[PDB]
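Read through the structure below, which is laid out as structure tokens, and then see the notes.
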Amino acid sequence: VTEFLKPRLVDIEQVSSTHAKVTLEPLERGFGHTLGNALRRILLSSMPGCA
Amino acid sequence: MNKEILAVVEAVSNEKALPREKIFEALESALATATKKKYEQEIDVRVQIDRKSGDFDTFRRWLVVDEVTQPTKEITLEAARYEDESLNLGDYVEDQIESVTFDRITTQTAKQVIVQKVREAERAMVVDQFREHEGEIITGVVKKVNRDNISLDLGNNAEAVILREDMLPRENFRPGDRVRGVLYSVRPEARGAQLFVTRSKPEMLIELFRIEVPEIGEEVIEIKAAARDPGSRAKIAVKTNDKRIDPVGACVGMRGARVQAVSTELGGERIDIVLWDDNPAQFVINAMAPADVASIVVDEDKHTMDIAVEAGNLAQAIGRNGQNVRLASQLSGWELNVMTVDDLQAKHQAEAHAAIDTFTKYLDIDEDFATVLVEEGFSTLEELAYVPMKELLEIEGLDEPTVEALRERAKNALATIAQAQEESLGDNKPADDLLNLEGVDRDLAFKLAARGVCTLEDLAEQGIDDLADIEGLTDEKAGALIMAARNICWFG
Amino acid sequence: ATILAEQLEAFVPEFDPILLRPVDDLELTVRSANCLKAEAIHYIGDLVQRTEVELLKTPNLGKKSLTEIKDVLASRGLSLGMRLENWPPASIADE
Amino acid sequence: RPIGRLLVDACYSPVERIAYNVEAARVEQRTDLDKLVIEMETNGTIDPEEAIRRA
């Protein structure tokens, strides 16, 4: 009952340079949005750095 | 109804030459199987057909067994004997069961089982009667051409197969073409093609000659050997016991007509016909045709023959891609080395010089005496060590003391050579001395001996650092082996 | 993913007990059960020690009832003629 | 398999309404911190700390 479809990055089609395109499958009928939204909001701000 | 069973049994018995009993046993098994399929449970079922009426009774069979594994189909001997005391292990207990109505379903099952029984009776007896065909050149019609095989129809529901390796390299068959080939193997694939037919193997050539040459079919001429490069060239060796018959002339026929008929059936394959000789050297000369042989040297120990030819005939003796020498070697069973007369003399001079150098080095004799041994036919240290003393005493200038000394030197030379190689690698000396330390495999013993560690003492004298570069030897395993060697050498 | 995972680490020898059962628990036909009771076979461990040849001597036990007993014992992984050392256990000798 | 069974649909789901309301934090002297207050709505079959732990 706690067994889901554990996913994986099937490919990293890094298009050209300083640009990647990472596809992850398979997730549940609803987990693509929650992982996309979680990673999108964290990368946007939380991720530190210098400028 | 009743009389119709008898009329069917009589019609099938007469048409398929099959025992009526075998047809009934099979119909009983067919009806039992059809009955089993109407029940949701796996039951055992016996059917019995009355041989006069054609009426049939169906049972719930109970295979009388010692230990019951399937209670639905098996009964213990003790329980079976409670119903009928006459029953034994392997008999069937019955149970009044409604016989399946003979619908077109049972009818179709009965038809299939009859057809299968005919394949294992009528068709089996036809194959037994055609014992000649099973081995001779059967004729079939091409039913299907696949990439890897050709299916032939032989008639009477018999199917044969020619495999891709069993075809000639340039043959192209179409569905409906007639093809001849030798039945070289009968297996047990009744459903499909149990018969294997060849056109490429030497048996196809032999049987074509048997059909085309009456003198071979009458056993007046015998084919002793056949060597074949399929669709290109073959050689056959022929013998006769009748001195009035030329066996080569008989196989060629008037103006080559017989050999050309065989060649045409084989897609234009060139056939050489040679006289079999009981002398191997004379037989190889005949097998080398059309090349003229100048001399033959026979090495009986290596089962090889060196064939000298004139420099103009060398290319003919070898043939295109070595085809002539290869077919001659396959026909004779000998390995055949084709060279020029000049090359054979140079080879013999090099072998004589190598034998002289070997004898001078190992026997402590002069070059003049080594030359005499080679001229008398001695080429190896083994010959000198083991040949009968009488043959060595026939050599001019050898006395019994000198022959004994020569044999002792040859044996000591053979012993020394063996010991030296066994210590250099891991054959015997290092495979016992260096391998005494528990843990030493033969490979490790040879790796140690390649470093000059030939004995168990040499290993006891090593450090771990001296052995650290040996592939597969860890410092711990090196330390254990050195300590095992020291325990035996210094504390044994 | 490392940041989001670090923000969640504060959250995340008489056979066995079957031999001790009565023969009535084998769901045998009323005939087979009454034939076994007439021979003082009360437990599955008593039944498993009897041979097929001994059961066929029992009054009114037919070949059909013997096949039923085998099929039922086989469904439980038991066979007729197993020797149990120390059967019956002293816990049963007082009923 | 028999004709006497009756199959109902199966809504294996204990919760009904999950509402979070983020709000400012003052317990810690440090400002720009947040509190996450989740009001769930269970039907009684699931403990709330067990629900947040499984999530």
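As shown in the structure tokens, the chain order sets the letters A, B, ...; within each chain, residues go from 1, and ligands are also counted from 1 in the order they appear.
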What are the closest atom pairs, with distances in Å to one decimal, for each residue of chain B lying within 8 Å of chain C, using only C-alpha atoms, rows by chain and rising residue number, as a Markdown table?
```
| residue | atom | partner | partner_atom | distance |
| --- | --- | --- | --- | --- |
| B:68 | CA | C:70 | CA | 7.6 |
| B:70 | CA | C:71 | CA | 7.9 |
| B:71 | CA | C:71 | CA | 5.7 |
| B:75 | CA | C:67 | CA | 6.8 |
| B:76 | CA | C:67 | CA | 7.9 |
| B:78 | CA | C:53 | CA | 6.1 |
| B:79 | CA | C:63 | CA | 4.1 |
| B:80 | CA | C:63 | CA | 6.6 |
| B:82 | CA | C:63 | CA | 6.6 |
| B:83 | CA | C:63 | CA | 7.7 |
```
What are the closest atom pairs, with distances in Å to one decimal, for each residue of stretch 191-219 of chain B lying within 10 Å of stretch 138-160 of chain B, using only C-alpha atoms, rows by chain and rising residue number, as a tab-separated table?
```
residue	atom	partner	partner_atom	distance
B:191	CA	B:159	CA	9.2
B:192	CA	B:159	CA	6.6
B:193	CA	B:159	CA	5.0
B:194	CA	B:160	CA	6.6
B:195	CA	B:160	CA	4.5
B:196	CA	B:160	CA	5.8
B:197	CA	B:160	CA	6.6
B:198	CA	B:138	CA	9.9
```
Open item on the list: I need the residues of chain A that end up classed as alpha helix (DSSP H) by DSSP on the backbone, written out as a VMD selection string.
Closed with: chain A and resid 31 to 41
- [ ] Using only C-alpha atoms, select each residue of chain C with any atom at most 10 Å away from an atom of chain D, and give the selection as a ChimeraX atom specification.
- [x] /C:8,10-12
Would you output that residue set with N, CA and C atoms, as a PDB file, in the first residue's frame?
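Writing done, so here's out.pdb:
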```
ATOM      1  N   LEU C   8      13.078  17.680   5.214  1.00  0.00           N
ATOM      2  CA  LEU C   8      12.095  16.696   5.641  1.00  0.00           C
ATOM      3  C   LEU C   8      12.670  15.627   6.560  1.00  0.00           C
ATOM      4  N   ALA C  10      13.123  15.743   9.691  1.00  0.00           N
ATOM      5  CA  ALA C  10      12.536  15.784  11.018  1.00  0.00           C
ATOM      6  C   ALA C  10      11.136  15.200  11.056  1.00  0.00           C
ATOM      7  N   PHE C  11      10.672  14.627   9.945  1.00  0.00           N
ATOM      8  CA  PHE C  11       9.373  13.983   9.858  1.00  0.00           C
ATOM      9  C   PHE C  11       9.500  12.474   9.715  1.00  0.00           C
ATOM     10  N   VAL C  12      10.247  12.027   8.715  1.00  0.00           N
ATOM     11  CA  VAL C  12      10.284  10.628   8.324  1.00  0.00           C
ATOM     12  C   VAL C  12      11.058   9.772   9.311  1.00  0.00           C
TER      13      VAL C  12
END
```
Cut-off 12 Å: closest chain C/chain A atom pairs per residue, using only C-alpha atoms, as CSV:
```
residue,atom,partner,partner_atom,distance
C:1,CA,A:39,CA,7.2
C:2,CA,A:47,CA,10.5
C:3,CA,A:42,CA,8.1
C:4,CA,A:42,CA,7.8
C:5,CA,A:38,CA,11.2
C:7,CA,A:42,CA,11.2
```
Store the residues picked out above, limited to N, CA, C and O atoms, as a compact mmCIF listing (two decimals), in the first residue's frame.
```txt
# COMPACT_ATOMS: atom_id res chain seq x y z
N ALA C 1 17.14 18.99 -4.90
CA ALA C 1 16.64 17.80 -4.22
C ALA C 1 17.31 17.59 -2.87
O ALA C 1 16.65 17.10 -1.94
N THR C 2 18.58 17.97 -2.73
CA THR C 2 19.24 17.85 -1.44
C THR C 2 18.64 18.83 -0.42
O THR C 2 18.43 18.47 0.74
N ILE C 3 18.32 20.05 -0.86
CA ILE C 3 17.68 21.02 0.03
C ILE C 3 16.30 20.54 0.47
O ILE C 3 15.97 20.58 1.66
N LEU C 4 15.51 20.04 -0.47
CA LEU C 4 14.16 19.60 -0.12
C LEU C 4 14.18 18.32 0.72
O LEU C 4 13.31 18.13 1.57
N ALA C 5 15.18 17.47 0.54
CA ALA C 5 15.27 16.29 1.40
C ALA C 5 15.78 16.63 2.79
O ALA C 5 15.33 16.03 3.76
N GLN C 7 15.06 19.36 4.25
CA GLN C 7 13.91 19.97 4.91
C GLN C 7 12.82 18.98 5.29
O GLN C 7 11.73 19.41 5.66
```
Open item on the list: Just want the 8 Å neighbourhood of stretch 425-432 of chain B, counted on only C-alpha atoms, with same-chain residues fewer than 3 positions away dropped. Output as a PyMOL selection string.
Closed with: chain B and resi 419+421-422+435-436+442-443+445-447+449-450+454-455
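Remark: for residue C:25, the closest of the candidate residues C:60, C:90, C:44, C:85 is C:44 (distances computed over only C-alpha atoms).
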For stretch 386-403 of chain B, work out the shell of residues within 10 Å, counting only C-alpha atoms and skipping chain neighbours fewer than 3 positions away, then give it as a PDB file with N, CA, C and O atoms, in the first residue's frame.
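The new file out.pdb reads:
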```
ATOM      1  N   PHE B 369      80.198 -38.119 -37.966  1.00  0.00           N
ATOM      2  CA  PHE B 369      79.410 -39.212 -37.402  1.00  0.00           C
ATOM      3  C   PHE B 369      77.914 -38.875 -37.334  1.00  0.00           C
ATOM      4  O   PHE B 369      77.080 -39.732 -37.624  1.00  0.00           O
ATOM      5  N   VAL B 372      76.560 -39.416 -40.871  1.00  0.00           N
ATOM      6  CA  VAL B 372      76.322 -40.853 -41.103  1.00  0.00           C
ATOM      7  C   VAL B 372      75.000 -41.300 -40.478  1.00  0.00           C
ATOM      8  O   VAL B 372      74.228 -41.990 -41.132  1.00  0.00           O
ATOM      9  N   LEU B 373      74.679 -40.873 -39.252  1.00  0.00           N
ATOM     10  CA  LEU B 373      73.399 -41.220 -38.622  1.00  0.00           C
ATOM     11  C   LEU B 373      72.196 -40.698 -39.427  1.00  0.00           C
ATOM     12  O   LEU B 373      71.222 -41.422 -39.606  1.00  0.00           O
ATOM     13  N   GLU B 375      72.222 -39.951 -42.755  1.00  0.00           N
ATOM     14  CA  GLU B 375      72.241 -40.696 -44.023  1.00  0.00           C
ATOM     15  C   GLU B 375      71.654 -42.108 -43.891  1.00  0.00           C
ATOM     16  O   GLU B 375      70.997 -42.589 -44.815  1.00  0.00           O
ATOM     17  N   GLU B 376      71.820 -42.740 -42.726  1.00  0.00           N
ATOM     18  CA  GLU B 376      71.201 -44.027 -42.378  1.00  0.00           C
ATOM     19  C   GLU B 376      69.721 -43.899 -41.967  1.00  0.00           C
ATOM     20  O   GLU B 376      69.056 -44.901 -41.711  1.00  0.00           O
ATOM     21  N   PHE B 378      68.250 -41.717 -39.450  1.00  0.00           N
ATOM     22  CA  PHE B 378      67.921 -41.230 -38.109  1.00  0.00           C
ATOM     23  C   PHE B 378      67.771 -39.712 -38.102  1.00  0.00           C
ATOM     24  O   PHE B 378      68.708 -38.983 -38.435  1.00  0.00           O
ATOM     25  N   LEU B 381      66.141 -37.797 -31.669  1.00  0.00           N
ATOM     26  CA  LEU B 381      66.829 -38.404 -30.517  1.00  0.00           C
ATOM     27  C   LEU B 381      66.056 -39.628 -29.997  1.00  0.00           C
ATOM     28  O   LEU B 381      66.656 -40.556 -29.447  1.00  0.00           O
ATOM     29  N   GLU B 382      64.741 -39.633 -30.171  1.00  0.00           N
ATOM     30  CA  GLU B 382      63.820 -40.706 -29.817  1.00  0.00           C
ATOM     31  C   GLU B 382      64.092 -41.972 -30.632  1.00  0.00           C
ATOM     32  O   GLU B 382      64.224 -43.047 -30.044  1.00  0.00           O
ATOM     33  N   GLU B 383      64.257 -41.846 -31.955  1.00  0.00           N
ATOM     34  CA  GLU B 383      64.653 -42.964 -32.815  1.00  0.00           C
ATOM     35  C   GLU B 383      65.952 -43.591 -32.302  1.00  0.00           C
ATOM     36  O   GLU B 383      65.991 -44.777 -31.974  1.00  0.00           O
ATOM     37  N   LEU B 406      75.799 -44.516 -27.392  1.00  0.00           N
ATOM     38  CA  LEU B 406      74.953 -43.607 -28.166  1.00  0.00           C
ATOM     39  C   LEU B 406      73.518 -43.601 -27.628  1.00  0.00           C
ATOM     40  O   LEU B 406      72.952 -42.533 -27.396  1.00  0.00           O
ATOM     41  N   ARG B 407      72.949 -44.780 -27.338  1.00  0.00           N
ATOM     42  CA  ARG B 407      71.613 -44.910 -26.738  1.00  0.00           C
ATOM     43  C   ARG B 407      71.541 -44.306 -25.345  1.00  0.00           C
ATOM     44  O   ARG B 407      70.539 -43.681 -25.005  1.00  0.00           O
ATOM     45  N   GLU B 408      72.560 -44.517 -24.519  1.00  0.00           N
ATOM     46  CA  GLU B 408      72.615 -43.940 -23.180  1.00  0.00           C
ATOM     47  C   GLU B 408      72.678 -42.411 -23.252  1.00  0.00           C
ATOM     48  O   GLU B 408      71.919 -41.733 -22.562  1.00  0.00           O
ATOM     49  N   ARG B 409      73.496 -41.862 -24.157  1.00  0.00           N
ATOM     50  CA  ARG B 409      73.556 -40.415 -24.415  1.00  0.00           C
ATOM     51  C   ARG B 409      72.232 -39.872 -24.939  1.00  0.00           C
ATOM     52  O   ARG B 409      71.775 -38.865 -24.414  1.00  0.00           O
ATOM     53  N   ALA B 410      71.585 -40.550 -25.884  1.00  0.00           N
ATOM     54  CA  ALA B 410      70.279 -40.148 -26.399  1.00  0.00           C
ATOM     55  C   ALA B 410      69.215 -40.137 -25.290  1.00  0.00           C
ATOM     56  O   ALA B 410      68.515 -39.146 -25.113  1.00  0.00           O
ATOM     57  N   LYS B 411      69.149 -41.182 -24.459  1.00  0.00           N
ATOM     58  CA  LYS B 411      68.241 -41.230 -23.298  1.00  0.00           C
ATOM     59  C   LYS B 411      68.535 -40.139 -22.276  1.00  0.00           C
ATOM     60  O   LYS B 411      67.605 -39.524 -21.765  1.00  0.00           O
TER      61      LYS B 411
END
```
Task: Exercise: stretch 13-21 of chain D partners within 12 Å, only C-alpha atoms, chain neighbours under 2 positions left out, as a PyMOL selection string - done: chain D and resi 10-11+23-24+34-48+51-52
For the residues selected in the previous step, produce a file with C-alpha atoms as an mmCIF file, in the first residue's frame.
```cif
data_model
loop_
_atom_site.group_PDB
_atom_site.id
_atom_site.type_symbol
_atom_site.label_atom_id
_atom_site.label_comp_id
_atom_site.auth_asym_id
_atom_site.auth_seq_id
_atom_site.Cartn_x
_atom_site.Cartn_y
_atom_site.Cartn_z
ATOM 1 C CA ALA D 10 -14.210 1.367 -2.966
ATOM 2 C CA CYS D 11 -13.237 4.866 -1.881
ATOM 3 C CA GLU D 23 1.364 33.009 8.511
ATOM 4 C CA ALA D 24 4.099 35.106 10.072
ATOM 5 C CA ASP D 34 6.973 31.422 8.593
ATOM 6 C CA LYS D 35 4.556 29.032 10.269
ATOM 7 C CA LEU D 36 2.657 26.392 8.303
ATOM 8 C CA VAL D 37 -0.701 25.553 9.884
ATOM 9 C CA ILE D 38 -2.481 22.638 8.205
ATOM 10 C CA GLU D 39 -6.111 22.005 9.118
ATOM 11 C CA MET D 40 -6.940 18.579 7.748
ATOM 12 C CA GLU D 41 -10.365 16.903 7.692
ATOM 13 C CA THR D 42 -10.182 13.187 8.510
ATOM 14 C CA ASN D 43 -13.100 10.777 8.846
ATOM 15 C CA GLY D 44 -11.572 9.295 12.000
ATOM 16 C CA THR D 45 -9.635 6.428 10.453
ATOM 17 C CA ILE D 46 -6.201 8.154 10.404
ATOM 18 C CA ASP D 47 -4.216 9.927 13.123
ATOM 19 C CA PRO D 48 -3.060 13.384 11.949
ATOM 20 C CA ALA D 51 -0.919 11.354 8.114
ATOM 21 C CA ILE D 52 1.719 14.085 7.947
#
```
Task: All residues 12 Å or closer to residue C:47, only C-alpha atoms, same chain fewer than 4 positions away omitted, as an MDAnalysis selection string - done: chainID C and resid 18:24 26 32:33 35:37 39:43 51:52 54:55 66 69:70 72:73 78:84 87:88
Can those selected residues be exported to a file as a tab-separated table (two decimals), in the first residue's frame so that it contains N, CA and C atoms?
```tsv
chain	number	residue	atom	x	y	z
C	18	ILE	N	-0.97	-29.23	13.87
C	18	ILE	CA	-1.99	-29.87	13.04
C	18	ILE	C	-2.27	-31.32	13.47
C	19	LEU	N	-1.28	-32.02	14.04
C	19	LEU	CA	-1.41	-33.42	14.45
C	19	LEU	C	-2.34	-33.56	15.66
C	20	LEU	N	-2.37	-32.53	16.51
C	20	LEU	CA	-3.19	-32.42	17.72
C	20	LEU	C	-4.67	-32.12	17.44
C	21	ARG	N	-5.07	-31.89	16.19
C	21	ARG	CA	-6.48	-31.60	15.85
C	21	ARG	C	-7.29	-32.89	15.75
C	22	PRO	N	-8.59	-32.86	16.08
C	22	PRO	CA	-9.48	-34.00	15.91
C	22	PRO	C	-9.72	-34.31	14.43
C	23	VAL	N	-10.02	-35.57	14.12
C	23	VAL	CA	-10.32	-36.04	12.75
C	23	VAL	C	-11.56	-35.37	12.16
C	24	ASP	N	-12.51	-34.91	12.98
C	24	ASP	CA	-13.72	-34.21	12.51
C	24	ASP	C	-13.41	-32.89	11.78
C	26	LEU	N	-11.18	-32.49	9.57
C	26	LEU	CA	-10.75	-32.84	8.21
C	26	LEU	C	-11.89	-32.74	7.18
C	32	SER	N	-17.02	-41.68	6.46
C	32	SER	CA	-15.58	-41.80	6.74
C	32	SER	C	-15.26	-41.43	8.19
C	33	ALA	N	-15.81	-40.33	8.71
C	33	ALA	CA	-15.63	-39.91	10.10
C	33	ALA	C	-16.15	-40.96	11.10
C	35	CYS	N	-16.59	-44.22	10.51
C	35	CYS	CA	-15.74	-45.41	10.38
C	35	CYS	C	-14.42	-45.25	11.15
C	36	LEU	N	-13.81	-44.06	11.14
C	36	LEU	CA	-12.57	-43.78	11.88
C	36	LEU	C	-12.80	-43.76	13.40
C	37	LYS	N	-13.90	-43.15	13.86
C	37	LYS	CA	-14.28	-43.16	15.28
C	37	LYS	C	-14.54	-44.56	15.82
C	39	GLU	N	-12.88	-47.20	15.12
C	39	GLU	CA	-11.53	-47.77	15.33
C	39	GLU	C	-10.70	-46.98	16.36
C	40	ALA	N	-11.34	-46.10	17.15
C	40	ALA	CA	-10.68	-45.25	18.14
C	40	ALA	C	-9.59	-44.32	17.56
C	41	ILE	N	-9.76	-43.86	16.32
C	41	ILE	CA	-8.89	-42.85	15.70
C	41	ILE	C	-9.53	-41.47	15.95
C	42	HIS	N	-8.99	-40.72	16.90
C	42	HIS	CA	-9.56	-39.44	17.33
C	42	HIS	C	-8.80	-38.24	16.76
C	43	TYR	N	-7.47	-38.33	16.66
C	43	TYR	CA	-6.62	-37.23	16.21
C	43	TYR	C	-6.03	-37.48	14.82
C	51	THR	N	-1.43	-47.36	8.13
C	51	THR	CA	-1.17	-47.63	6.71
C	51	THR	C	-2.48	-47.81	5.94
C	52	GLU	N	-2.43	-47.62	4.61
C	52	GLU	CA	-3.60	-47.81	3.74
C	52	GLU	C	-4.21	-49.21	3.84
C	54	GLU	N	-4.10	-51.15	6.56
C	54	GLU	CA	-4.79	-51.22	7.85
C	54	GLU	C	-6.16	-50.56	7.79
C	55	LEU	N	-6.26	-49.38	7.18
C	55	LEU	CA	-7.54	-48.68	7.03
C	55	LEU	C	-8.55	-49.49	6.20
C	66	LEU	N	-11.57	-44.32	1.41
C	66	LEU	CA	-10.11	-44.29	1.49
C	66	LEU	C	-9.51	-43.23	0.56
C	69	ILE	N	-10.09	-39.79	2.17
C	69	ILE	CA	-9.13	-39.57	3.26
C	69	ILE	C	-7.75	-39.18	2.71
C	70	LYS	N	-7.28	-39.84	1.65
C	70	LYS	CA	-5.99	-39.51	1.02
C	70	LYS	C	-5.99	-38.11	0.42
C	72	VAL	N	-7.88	-35.51	1.16
C	72	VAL	CA	-7.95	-34.54	2.26
C	72	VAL	C	-6.61	-34.44	3.01
C	73	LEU	N	-5.96	-35.56	3.32
C	73	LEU	CA	-4.63	-35.54	3.95
C	73	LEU	C	-3.59	-34.87	3.04
C	78	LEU	N	-0.05	-33.96	4.44
C	78	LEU	CA	0.14	-35.18	5.22
C	78	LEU	C	-0.06	-36.42	4.35
C	79	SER	N	0.60	-37.52	4.71
C	79	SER	CA	0.45	-38.81	4.03
C	79	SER	C	0.24	-39.93	5.04
C	80	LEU	N	-0.50	-40.96	4.65
C	80	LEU	CA	-0.68	-42.15	5.48
C	80	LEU	C	0.64	-42.92	5.62
C	81	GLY	N	0.91	-43.46	6.82
C	81	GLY	CA	2.10	-44.23	7.15
C	81	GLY	C	3.31	-43.42	7.63
C	82	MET	N	3.15	-42.16	8.04
C	82	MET	CA	4.25	-41.43	8.70
C	82	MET	C	4.39	-41.92	10.14
C	83	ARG	N	5.61	-42.24	10.57
C	83	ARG	CA	5.90	-42.61	11.96
C	83	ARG	C	6.25	-41.35	12.75
C	84	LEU	N	5.44	-41.04	13.75
C	84	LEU	CA	5.71	-39.98	14.72
C	84	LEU	C	6.34	-40.63	15.95
C	87	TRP	N	4.38	-40.15	19.99
C	87	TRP	CA	2.93	-39.94	19.90
C	87	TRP	C	2.14	-41.02	20.66
C	88	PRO	N	1.07	-40.69	21.42
C	88	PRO	CA	0.53	-39.36	21.71
C	88	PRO	C	1.34	-38.63	22.79
```
